[PDB]
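What follows is a single chain, given as structure tokens, in the form solved without this ligand.
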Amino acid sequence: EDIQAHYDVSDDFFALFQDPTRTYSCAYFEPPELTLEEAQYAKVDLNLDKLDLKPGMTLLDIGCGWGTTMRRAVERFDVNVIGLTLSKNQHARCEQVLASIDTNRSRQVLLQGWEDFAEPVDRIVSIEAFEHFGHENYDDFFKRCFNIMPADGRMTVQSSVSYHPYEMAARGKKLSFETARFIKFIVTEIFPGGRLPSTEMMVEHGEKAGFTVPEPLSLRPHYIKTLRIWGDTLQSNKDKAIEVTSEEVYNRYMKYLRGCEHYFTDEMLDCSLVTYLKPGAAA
């Protein structure tokens, strides 16, 4: 706990490498010449367009960040929204983002985890929160998501993934041990207590809960471009980043950002956008 708190970093530091929306997830460069900011909106659209959202439905955002996904959903689809975050800062910002919207739709932000959320919702989106949940909680997660949705329910989960050690060993022993050590660094120093799933885990746990799971979308090339821009931006802001934190924290995040770009490029990490369809989902 204390040792993990050593890895707490100011929101101000994150602002020195992210786009103006402060999206801390894979952008979607379609078309390829989008700015990072436009690509973060495109990634939100990529997720929401999979969810068969109709006016007056309620969308649940599990890990709602700074509220960008929820705002886009209200504005584009005329839906009610509920977001879950455990960040007090993100909670306050989401309430202000949603209050700003010209709408009669209900907007709610809860400072709580999915474990404590048991209200009926139409559709669920979760963008790069899943890596915090832990393997032993995946069955409870998919069961909760299945049970709170109607017969035509759908969910997207976007998550960074690694491969089963067996599969990693297939793509060179030297690279398997080197990748495992970097993943340990990610889930120790960058996201304390994190644990990467595999795409196969994300699929099989959904199926066991009763979801239909089509072929997941790989975002690998998009995450490479995202991490290149994040790294280039942090580096261009080096002095300011050291002033707000320390040389230690700057070096840690340069290692994270360049490191991830490398292991994504070498196809030892991936990013999967998995769609989960309830049996009564529209065709």
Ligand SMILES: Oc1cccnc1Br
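For every residue, the number given is its place in the sequence shown, counted from 1.
Although not depicted, the form solved in complex with this ligand is the subject of the following passage.
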* **All of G63, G113 and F133 with a heavy atom within 4.5 Å of this ligand in the bound PDB entry** => yes
* Structure fact -> Checked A118, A170, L86, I101 for heavy atoms within 4.5 Å of this ligand in the bound PDB entry; positive is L86
* Quick one: of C145, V74, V109, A129, which gets a non-hydrogen atom within 4.5 angstroms of this ligand in the bound PDB entry? -> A129
* Asked: Thinking of this ligand in the bound PDB entry, which stretch from 28-36, 55-63, 231-239, 214-222 has heavy atoms inside 4.5 Å of it?
  -> 55-63
